[PDB]
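Trainee: this one's experimental. Sequence and coordinates below.
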Amino acid sequence: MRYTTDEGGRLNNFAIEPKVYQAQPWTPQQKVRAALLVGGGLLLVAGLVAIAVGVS
Amino acid sequence: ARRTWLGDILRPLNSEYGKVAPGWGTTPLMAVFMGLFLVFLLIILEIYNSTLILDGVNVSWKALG
Amino acid sequence: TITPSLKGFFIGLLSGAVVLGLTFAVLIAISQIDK
Amino acid sequence: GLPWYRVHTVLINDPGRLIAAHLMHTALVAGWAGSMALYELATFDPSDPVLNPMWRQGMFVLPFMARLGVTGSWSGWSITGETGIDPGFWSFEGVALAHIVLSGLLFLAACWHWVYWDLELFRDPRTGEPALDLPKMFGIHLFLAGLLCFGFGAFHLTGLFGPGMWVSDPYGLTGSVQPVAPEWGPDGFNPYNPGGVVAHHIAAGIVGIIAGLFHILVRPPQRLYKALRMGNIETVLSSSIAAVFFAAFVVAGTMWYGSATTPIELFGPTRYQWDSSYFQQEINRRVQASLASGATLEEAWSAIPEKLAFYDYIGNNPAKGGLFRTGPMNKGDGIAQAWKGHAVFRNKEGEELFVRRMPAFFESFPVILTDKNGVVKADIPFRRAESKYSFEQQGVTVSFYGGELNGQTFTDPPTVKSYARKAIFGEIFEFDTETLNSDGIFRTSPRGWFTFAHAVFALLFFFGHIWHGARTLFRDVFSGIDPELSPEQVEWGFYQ
Amino acid sequence: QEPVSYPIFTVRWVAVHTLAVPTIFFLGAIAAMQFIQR
Amino acid sequence: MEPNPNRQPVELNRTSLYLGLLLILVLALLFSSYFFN
Amino acid sequence: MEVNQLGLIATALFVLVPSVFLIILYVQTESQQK
Amino acid sequence: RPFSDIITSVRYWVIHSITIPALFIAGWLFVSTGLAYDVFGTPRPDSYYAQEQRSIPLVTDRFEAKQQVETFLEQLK
Amino acid sequence: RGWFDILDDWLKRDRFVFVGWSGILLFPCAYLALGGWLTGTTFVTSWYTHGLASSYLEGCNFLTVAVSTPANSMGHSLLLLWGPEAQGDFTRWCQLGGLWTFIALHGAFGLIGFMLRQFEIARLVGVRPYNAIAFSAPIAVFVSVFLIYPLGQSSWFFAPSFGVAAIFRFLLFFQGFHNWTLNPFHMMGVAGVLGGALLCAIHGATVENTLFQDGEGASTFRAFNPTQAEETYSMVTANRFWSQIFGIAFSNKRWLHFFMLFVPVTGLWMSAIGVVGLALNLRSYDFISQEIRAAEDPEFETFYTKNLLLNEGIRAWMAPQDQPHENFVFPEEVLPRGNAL
Amino acid sequence: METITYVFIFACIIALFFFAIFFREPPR
Ligand code: CLA
Ligand code: CLA
Ligand code: CLA
Ligand code: CLA
Ligand code: CLA
Ligand code: CLA
Ligand code: CLA
Ligand SMILES: C=Cc1c(C)c2cc3nc(c4c5[nH]c(cc6nc(cc1[nH]2)C(C)=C6CC)c(C)c5C(=O)[C@@H]4C(=O)OC)[C@@H](CCC(=O)OC/C=C(\C)CCC[C@@H](C)CCC[C@H](C)CCCC(C)C)[C@@H]3C
Ligand SMILES: CC1=C(/C=C/C(C)=C/C=C/C(C)=C/C=C/C=C(C)/C=C/C=C(C)/C=C/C2=C(C)CCCC2(C)C)C(C)(C)CCC1
Ligand SMILES: CC1=C(/C=C/C(C)=C/C=C/C(C)=C/C=C/C=C(C)/C=C/C=C(C)/C=C/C2=C(C)CCCC2(C)C)C(C)(C)CCC1
Ligand SMILES: CC1=C(/C=C/C(C)=C/C=C/C(C)=C/C=C/C=C(C)/C=C/C=C(C)/C=C/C2=C(C)CCCC2(C)C)C(C)(C)CCC1
């Protein structure tokens, strides 16, 4: 992989980074699969402020 | 590779891997949360330091009284 | 209610706002004339 | 090829072995916690807590167990003094055994992840070479961190299903484990208010949930992804070191100055309570309030607990005792046995003198007996050829009130000198030095040890932060090649 | 580097005027302090 | 298992031993005074 | 004077552990050449 | 542009040989009229001590600090 | 192109001096710190926070002036002008030592801006930022002694005051109370700083005397200034000399110039650890064996016991007016004297 | 106890001197 540094005959290693890629606008499947998660999130944080009001 | 059951379940969770929304995005929105946080740190630093006195708060051991 | 030290903190962040507002404002203005 | 400071760089290009190593580090940490627990349960002494608490005995992990609600023992004692307690499974010995088996399981899983290292999950199959999805990871783990923070605040701290936390009074006389209500007013940022801590963990938890969902459902923008050079695992480390040393610095200060989450019945007095002469003013307040209701000095000083006087002993500062003085504070002056009683010096004119107490700065300090306004009225002369004030020209007498000596009066110059000499430390106690073979030279409390450790680790993690922050932004010059380019496959020339 | 035309405000201009004007005020202060009789 | 492809060796030449041992033994002479007290 | 029984153990470990560490790496990389 | 050339350019001289003395004299009067002492709160040299007191003015409380200085200055300390 | 990019390019233009993004934090903070000290050693008193005189206005020479720390009755106050202790009044703010905190904090931000400036220049030229890494030794020193240590004592009063004699006082105060010279981390620091100066002199001399074409009518012309040198001499010559005098030499130039970087930097880091240890008043003052032997036998004298006697003297004769806010008054039959031994 | 430890550590420094002079690594 990384073969480096002939200063003493030596090695040093570094990361292989993914390529960059501009997003494609979402499909309706991607929209509804995302919708379940955000909707779950909304009610989850509502319920936890509810538990918070109870415990005081 | 080693085909295994839990690996296949977690497979779609690491599958974007370098994808990015075009240009600046929500940087200007980050900066708003960022600034508020710094101002918060200053408020709670000066209360501790007794440089900001807010009536009804007494910064000493005697608040466990 | 407000204590004097709280006004002092308000003064403080308003001078902070002013001095950074100015610095970036004049630097954005100076850069974009002689670009 | 690798030098001795590049040997762990062979995990950079495969996560399986990285996780093997991380599981291993975790095994060692849980094992050390458990092993250290068991060891100092073999030197802890539960018979006497009032003049022999844990932080006099140099306990390190016992204060952190006690602060959250573990107090019992299966040997039938408690740190409060309660003998015949029923703790159930959760006691000190229990959590120790728990951590040791936790380490055993972690060691096995670490082994598992080292032998099996090739799993296609860690590859990306469009080019079949290892990669991670770093934003998605941070999001998932932020979701977990937030929910655990929320649960810990909402169920354990509150005492809603858990035990609550350790709460005290200002002077650290009667403290115990009790429930705590949350407090979200502007008195919740009072850092000597337990309620602020309950409020914080609920609130911070909710922020964690919100942000954790957010980072699943938005990808990074391009300008940041290229700026901060994401997709490079060495930048996550760079950020984490900065966060981690920020946290260490602020806990170093919160431990050294004190807060409600570092009580003085589990970590001992701070040095700022000796500077302000805190307990001394409280003791005099109690004494005048008892005299005013009608009393003589003997009865008045007999009504001050031993415990309150013990804190006005400078041997409990975390700012006496040096670096290569190693051992518990009990190694320092021996174990306390009893309170002699408050000592009052008077001249033969009749007037009551006051012994000027020693700052924390010195190693040795004069004994200069001052009267009401501030003029010197007697002293112990350093000279052995010269005096204008001595205990043979001003005839000072010490009288004792409270403690072992009620109404004892000494008027012989040497004994009265010895009492003056150990009463610039504050209140006088009886010590047993043979048990540890103590030497009389000061030692610092656990508090000082903790803050020193963390204030030096934070300063070292600073250099760490800059080194890794450099190695990720200057990656293209530390190696001759750019990760932007995919390795070169085919050569074109240009030659005349 | 900075254009020879040099409009009245220039990076160089402020740099040499935030180290010129206070010093001529301050050296005039110190000189006056020399003739104060103790 | 199947061999790790990220397996590299580790070096240490003689002059590094000399330097390193010097530092170890010297550091011991400085701090041993304080350990014994 | 009281000289610690554990000062000696600190001294002993402080030298012996790093010295054998470096020496083992050195003999290992010497058998890498021959 | 070398500094030597702009320093002996006529444009420099015509404004600056008028402003340089003004700054030197403004400093000289800031000291000589007694004002330097009144702006920076530095005591005059006949007045560090009060008549009554032989002790130094020393601050002993942080929130009533300016009050303690105001008191110390009225008694001419 | 968007307004951010125009602005960014203009900050990175070719000038007499580079401004850069790091300049934006660097230049105001540095200028205001430097001016703050200049107006303080020239007008601002210390008569209400130490009972001393340290101004040209008060009448003092270059060596005895200072901008002085605030009182001990101010605690760990930040001393803002708008804060609740000067309450927006300039005269009180100079009198209470608020100018001290001004310099310290602005100078910390100047140092942060400067290390960032070194990174920025390194990255736009494209060299490794090793000189920024070297600059973490001053920052370590500065944040440990001017910031971390006073935040451990009781106030900013024991922070080192900006001034010549005012720092000379710090040296005696450390020599007397903490016995700093006997601490091992300071021992390591002294060795490192002297070792850096040692490598400086030796390198400087042995490169100067082994140049190629010291005669010959040197027919080399470039220079190539960024090389600094490091081909204008023969390494083989140098090695061959030193390997006979001291019996060891370098043979790799790269590692020489890394050793030069390594030595004085490690020195300052060890001392920075040492003084953050003193903040908790964790010091080595004594060896316990010597104290027990000296208590059991008073015919025992060493150069170290002697140091203990001298330190014991420094404290009692300096303290009553070094720390006047303690109001020590010591009769002259209780102050230590050699002729009473 | 203490002094033997001191002279032993000294002795191995000066031995290490001897080793660095007459047995350096041949640089090739
Ligand atoms: C790069 C610029 C720079 C920097 C970094 C500093 C740094 C500093 N200056 Mg400073 N200063 C500068 C330029 C700068 N100076 C200039 C040009 C001037 C001349 C006009 C001054 C004049 C000055 C004085 C006279 C003083 C300082 C002080 C301070 C220090 C104390 C901390 C403080 O009060 O923070 C202030 C900062 C904040 C309160 C943060 C502001 C945050 C903003 C802008 C966000 C606001 C958003 C929004 C409106 C908030 C809504 C809140 C709501 C939801 C509740 C700090 C060392 C003081 C000092 O050193 O005391 C020891 C002091 O006396 N400054
Ligand atoms: C001392 C020098 C130093 C250096 C060389 C680095 C280097 C770097 N940091 Mg780091 N950092 C530092 C200090 C430093 N840091 C400190 C002390 C903290 C606080 C703990 C941080 C926290 C931090 C994080 C968490 C991250 C970085 C990142 C970065 C890299 C990104 C680019 C950059 O230049 O950002 C430099 C920009 C800054 C340091 C911002 C300065 C902000 C100022 C001026 C705040 C002023 C506030 C207010 C106005 C005044 C307050 C007054 C006060 C008295 C209350 C980078 C080169 C990122 C990284 O790792 O990159 C790989 C990343 O994840 N920085
Ligand atoms: C209503 C809700 C609420 C309430 C009541 C609190 C209450 C509390 N929070 Mg808070 N918090 C909340 C919501 C809330 N939080 C939310 C929603 C967030 C975001 C998710 C946070 C983020 C937050 C942070 C980031 C921190 C707290 C901390 C704290 C507590 C400590 C107060 C104290 O001791 O100061 C103690 C200390 C300070 C005020 C000093 C801060 C120092 C700063 C910012 C700079 C450090 C500079 C440098 C690196 C240090 C060099 C040191 C060297 C010179 C010696 C207090 C119990 C703090 C804590 O745990 O402290 C132990 C802390 O650092 N909270
Ligand atoms: C599996 C769960 C588990 C549980 C319940 C415990 C329980 C316990 N451990 Mg523990 N431990 C565990 C796993 C566990 N351990 C593992 C896996 C490790 C190895 C890495 C350890 C290592 C460990 C050590 C080394 C020690 C303990 C100790 C203790 C006990 C004392 C209380 C304490 O120290 O809390 C104090 C806990 C804290 C102060 C946690 C602070 C957390 C920080 C600052 C997080 C901030 C980052 C966050 C992401 C910021 C963003 C938040 C976001 C939501 C906004 C307690 C009985 C101590 C003991 O007595 O052992 C016998 C001790 O010294 N633990
Ligand atoms: C890192 C944090 C840390 C801290 C703050 C403490 C603190 C404490 N431990 Mg400790 N301990 C730790 C980690 C820590 N431990 C670990 C990881 C181990 C396992 C190997 C131990 C092993 C241990 C033992 C064996 C004992 C304690 C005991 C104690 C307590 C008694 C006071 C005392 O004797 O201090 C002693 C102080 C220390 C151990 C740390 C400071 C050490 C010194 C003097 C020097 C450090 C620098 C060193 C010379 C290297 C320099 C290198 C140079 C190149 C820079 C004290 C409260 C004692 C106890 O139970 O009393 C009842 C006891 O017998 N602990
Ligand atoms: C916090 C986590 C963290 C992580 C994950 C890394 C990871 C890495 N660092 Mg880094 N580093 C850190 C903290 C960290 N570092 C800190 C705090 C500093 C400041 C001192 C540095 C300074 C640093 C430098 C200067 C260099 C690295 C290098 C390396 C890499 C080389 C391999 C190695 O293990 O060294 C191999 C092992 C050793 C060198 C042996 C160390 C023996 C010591 C001194 C300790 C013995 C155990 C210790 C007493 C346990 C207690 C720890 C304590 C913190 C509680 C590795 C990828 C090197 C690199 O980038 O390589 C390319 C390089 O040049 N690191
Ligand atoms: C005789 C030999 C000797 C030597 C070699 C040393 C060596 C050292 N001592 Mg000393 N010391 C000695 C004897 C000696 N000591 C004795 C006998 C005593 C008596 C007790 C002391 C007491 C003493 C104390 C009390 C302290 C030291 C410290 C230091 C060290 C810190 C480095 C330094 O100078 O920081 C000097 C300062 C800096 C590096 C900060 C520089 C800040 C910047 C860059 C400001 C900006 C400059 C400028 C205005 C910008 C110009 C801009 C323009 C060019 C464009 C160094 C390790 C200090 C130390 O270790 O702290 C960690 C410390 O606190 N020493
Ligand atoms: C007291 C000794 C000492 C001083 C005076 C000093 C001075 C300096 N070191 C610098 C650099 C360095 N020093 C280095 C290593 C070392 N430096 C050391 C010791 C010192 N270094 C030691 C021992 C080492 C060896 C490890 C390195 C490697 C560097 C550099 O790379 C760097 C440089 O550029 O060198 C040319 C310069 C930073 C220039 C700059 O742009 O500043 C930026 C800061 C400014 C402009 C102002 C900062 C804030 C202020 C004004 C507050 C301080 C207080 C005032 C000055 C008031 C007066 C104080 C009185 C006591 C006089 C500066 C000349
Ligand atoms: C397998 C198994 C098991 C077992 C296991 C075990 C037995 C464990 C343990 C573990 C452990 C028990 C561990 C331990 C560890 C430890 C450690 C890891 C330590 C470390 C230390 C350190 C790091 C230190 C440092 C230092 C020093 C030395 C000095 C100075 C200071 C300091 C801090 C620096 C069981 C059966 C259960 C289960 C099944 C399986
Ligand atoms: C959280 C929680 C908890 C806890 C839990 C836990 C802690 C769990 C566990 C977990 C874990 C931690 C697990 C682990 C596991 C591991 C494993 C399962 C491993 C295995 C392995 C193996 C089997 C191996 C093998 C081998 C190899 C590979 C090589 C050679 C050697 C051998 C052969 C051995 C509780 C209950 C309290 C409740 C509440 C909450
Ligand atoms: C404080 C303050 C401030 C600031 C101010 C400033 C910024 C100032 C500046 C100032 C300045 C900035 C000053 C200057 C001064 C200077 C001078 C006074 C100089 C002198 C010089 C000379 C005289 C020379 C000498 C010499 C040398 C150096 C070397 C060689 C030798 C000779 C002799 C040539 C502000 C308003 C912000 C706010 C409030 C407060």
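Mentor: Received it, and whenever you're ready, just let me know what you need. Residues are numbered from 1 along each chain as shown, chains lettered A, B, ... in the order given. Ligands and ions are numbered 1, 2, ... in the order given.
Trainee: residue contacts, the nearest residue to residue I:68 once chain neighbours are set aside?
Mentor: Excluding the flanking residues, the one nearest residue I:68 by Cβ to Cβ, 6 or more residues apart in numbering or on different chains is residue I:46, at 3.8 Å. Backbone N, C-alpha and C define where each C-beta goes, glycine included. Going by Cβ atoms under 8 Å, 6 or more residues apart in numbering or on different chains, residue I:46 touches I:52, I:53, I:54, I:55, I:66, I:68, I:97.
Trainee: out of the residues you listed, who's the most crowded?
Mentor: Using other Cβ atoms under 10 Å in any protein chain shown as the neighbour criterion, residue I:97 leads the contacts of residue I:46 with 28 neighbours.
Trainee: residue of chain D closest to chain C, please.
Mentor: Nearest residue of chain D to chain C: residue D:186, at 10.3 Å (Cβ to the nearest Cβ).
Trainee: gap between that residue and residue D:261?
Mentor: Remark: distance between residue D:186 and residue D:261 (Cβ to Cβ, to the nearest Å) = 19 Å.
Trainee: what is the neighbour count of residue D:40?
Mentor: Neighbour tally, residue D:40, other Cβ under 10 Å: 16.
Trainee: ugh, wrong one, I meant residue F:28
Mentor: Using other Cβ under 10 Å: residue F:28 sits among 21 other residues.
Trainee: also the one 3 residues further on?
Mentor: For residue F:31, the count of nearby residues is 15 (other Cβ under 10 Å).
Trainee: and it, helix, strand or coil?
Mentor: helix (DSSP: H, G, I helix; E, B strand; the rest coil).
Trainee: just checking, residue I:164 touches residue I:63?
Mentor: Yes. Using Cβ atoms under 8 Å, residue I:164 makes contact with residue I:63 at a distance of 4.8 Å.
Trainee: neighbour-wise, which of these two wins?
Mentor: Of the pair residue I:164 and residue I:63, residue I:164 is the one with more neighbours under other Cβ under 10 Å, namely 14 against 11.
Trainee: relative to ligand 8, how far out is that one?
Mentor: Separation of residue I:164 from ligand 8 (Cβ to the nearest ligand atom, to the nearest Å) stands at 7 Å.
Trainee: quick one: buried residues of the helix or strand encompassing residue D:142?
Mentor: Counting by DSSP states H and E, the element that carries residue D:142 is helix D:134-151. Residues of helix D:134-151 classed as buried: D:134, D:135, D:136, D:138, D:139, D:142, D:143, D:145, D:146, D:147, D:149, D:150 (neighbour count, 16 or more other Cβ atoms under 10 Å in any protein chain shown).
Trainee: kindly report the same for stretch D:323-330.
Mentor: Buried, per 16+ other Cβ under 10 Å, within stretch D:323-330: D:323, D:324, D:325, D:328, D:329, D:330.
Trainee: for the residues you listed, give me CSV that also has secondary structure and distance to ligand 8.
Mentor: As requested, the buried residues of stretch D:323-330 are exported to CSV (DSSP: H, G, I helix; E, B strand; the rest coil; distance: Cβ to the nearest ligand atom, whole Å):
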residue, secondary structure, distance to ligand 8
D:323, coil, 24
D:324, coil, 27
D:325, coil, 31
D:328, coil, 39
D:329, coil, 38
D:330, helix, 43
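Trainee: how many neighbouring residues does residue H:23 have?
Mentor: Neighbour tally, residue H:23, other Cβ under 10 Å: 18.
Trainee: helix or strand for it, which one?
Mentor: helix H:10-32.
Trainee: list the helices and strands that helix packs on?
Mentor: helix E:21-34 (3 or more Cβ pairs under 8 Å, 6 or more residues apart in numbering or on different chains; DSSP states H and E).
Trainee: what angle sits between the helix it packs on and helix H:10-32?
Mentor: 40 degrees (axes from the mean of the first three to the mean of the last three Cα atoms, to 10 degrees).
Trainee: may I see the buried residues of helix E:21-34?
Mentor: Buried residues in helix E:21-34, counted by 16+ other Cβ under 10 Å: E:24, E:25, E:26, E:28, E:29, E:32, E:33.
Trainee: closest one of the residues you listed to residue H:50?
Mentor: Relative to residue H:50, the closest of the buried residues of helix E:21-34 is residue E:33; by Cβ to Cβ it sits at 25.3 Å.
Trainee: contact partners for the spatially closest residue to residue I:179 that is not a sequence neighbour?
Mentor: Spatial nearest neighbour of residue I:179, chain neighbours left out: residue I:285 (5.0 Å); criterion: Cβ to Cβ, 6+ apart. Residue I:285 is in contact with D:322, D:363, I:178, I:179, I:182, counting by Cβ under 8 Å, 6+ apart.
Trainee: excluding its backbone neighbours, what's nearest the last one?
Mentor: Meaning residue I:182. Leaving aside its chain neighbours, residue I:182 sits nearest to residue I:284 (5.8 Å; criterion: Cβ to Cβ, 6+ apart).
Trainee: cool, the first one as well?
Mentor: Ranked by Cβ to Cβ, 6+ apart and with sequence neighbours excluded, the top spatial neighbour of residue D:322 is residue I:283, at 5.1 Å.
Trainee: pretty sure that neighbour sits against residue I:179.
Mentor: Yes. With contact defined as Cβ under 8 Å, residue I:283 and residue I:179 form a contacting pair (6.5 Å).
Trainee: hmm, back to that, can you give me phi and psi for the residue nearest to residue I:179?
Mentor: Per-residue torsions, residue I:285: phi -100, psi -30 (degrees, to the nearest 10).
Trainee: distance of it relative to residue I:124?
Mentor: Relative to residue I:124, and taking Cβ to Cβ, residue I:285 is found at 51 Å.
Trainee: same question for the helix or strand where residue A:35 lies: list its buried residues.
Mentor: According to DSSP H and E, residue A:35 maps onto helix A:28-55. Going by neighbour count (16+ other Cβ under 10 Å), the buried part of helix A:28-55 is A:41, A:45, A:48, A:52, A:55.
Trainee: contacts only, for residue D:155.
Mentor: By Cβ under 8 Å, 6+ apart, the neighbours of residue D:155 are D:161, D:162.
Trainee: just the one 10 residues further on next, same as before
Mentor: Residue D:165 is in contact with D:67, D:68, D:69, D:157, D:159, D:177, D:178, D:180, D:194, D:197, counting by Cβ under 8 Å, 6+ apart.
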